[PDB]
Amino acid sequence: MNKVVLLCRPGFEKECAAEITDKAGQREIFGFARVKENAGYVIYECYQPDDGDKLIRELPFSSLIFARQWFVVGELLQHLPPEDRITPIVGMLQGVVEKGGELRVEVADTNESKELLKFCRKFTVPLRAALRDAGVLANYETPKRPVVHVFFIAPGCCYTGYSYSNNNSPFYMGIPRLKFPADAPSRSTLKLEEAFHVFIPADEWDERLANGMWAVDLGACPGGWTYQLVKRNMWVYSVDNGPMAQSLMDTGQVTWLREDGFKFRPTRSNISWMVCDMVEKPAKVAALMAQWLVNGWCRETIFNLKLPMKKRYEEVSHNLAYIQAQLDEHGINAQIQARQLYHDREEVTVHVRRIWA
């Protein structure tokens, strides 16, 4: 199988396509990706017949910025008859996957696929039972078998294939399912919350997003990001000239510092987390983030970088290489990830974990 599907934000197919061509190219896994404006996905077609499975094994999924999720697929099934919906899909997956761990029937995140989404979520149930009988799915859900994807690009038109659970998005359509909490001060709270789900493996949450940690939130007003930190039982220095929500102040966990996030110097030495959602030039925000990490003012950080109008993939990769250059220059070991989150529009979210010897 030579085709790899990447789900992306509608209208970012060109970046998603530029990135995967670039990063697969770097491993001599050559091919091309067409771009269908606003389709909400991109297909990378490898030149070599089995390079598709090589690509989704060896290139780290966490290193792609503009893909929400990916999977290898086979040939496009067209015109699935309403009266015979199961057989053709089973025929495409048999011998392709044996005893898979999970099924996900997905669409592109466009408005035109909204009805089709409802169909897919319900179709999952009877389809899963049938794929079980055929031995394509294990009788029990399993983390350590590939996820089976059936991907509908239009009614009666779908691809079938898979991805490895240790190298993909754990989430449906690459979008964690989050309800907005009415007591949170801003909708942007879901950016940090989503970021927690995307970047920190769920079984490490109690350890890395730990009850009792100090955190700093730069540009905190009115407190959407602070809220997520408070929900984790952290103590927070919220840094802004604007006021913090009273609901947050009442918890007893928030210290409001009336300052400029860009000018703020932490007096404290044991801050675990710094988060920053300040609206400003990407090169400047990146510079600030590098200061924090190089000085060991925080152990981990989540922040946002706004994208330019053109050369978005190139520009944001430049920003990241700046921060990495600053780390190398001072001999500092860190892991860096960036992802255009579902709740990110013309921006990218970044996570950096610094290490001490």
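Throughout, we count residues from 1 along the sequence that is shown.
- Across the two stretches, 164-172 and 85-93, the PDB entry reports the greater mean Cα temperature factor for 85-93.
- On average the C-alpha atoms of 258-266 have higher B-factors than those of the other stretch, with 218-226 and 258-266 being the two compared.
- Across the residues 304, 62, 291, 324, the deposited record lists the maximum Cα B factor for 324.
- Taking only the listed residues 109, 250, 206, 115, the entry reports the highest CA temperature factor at 115.
- The entry lists a Cα temperature factor for residue 23 that places it in the middle third of the chain's modelled residues.
- When the modelled residues of the chain are ordered by C-alpha B-factor, residue 186 sits in the middle third.
- Compared with the other modelled residues of the chain, the Cα B-factor recorded for residue 70 ranks in the lowest third.
- Compared with the other modelled residues of the chain, the Cα B-factor recorded for residue 277 ranks in the middle third.
- The PDB entry assigns residue 100 a C-alpha temperature factor belonging to the middle third of its chain's modelled residues.
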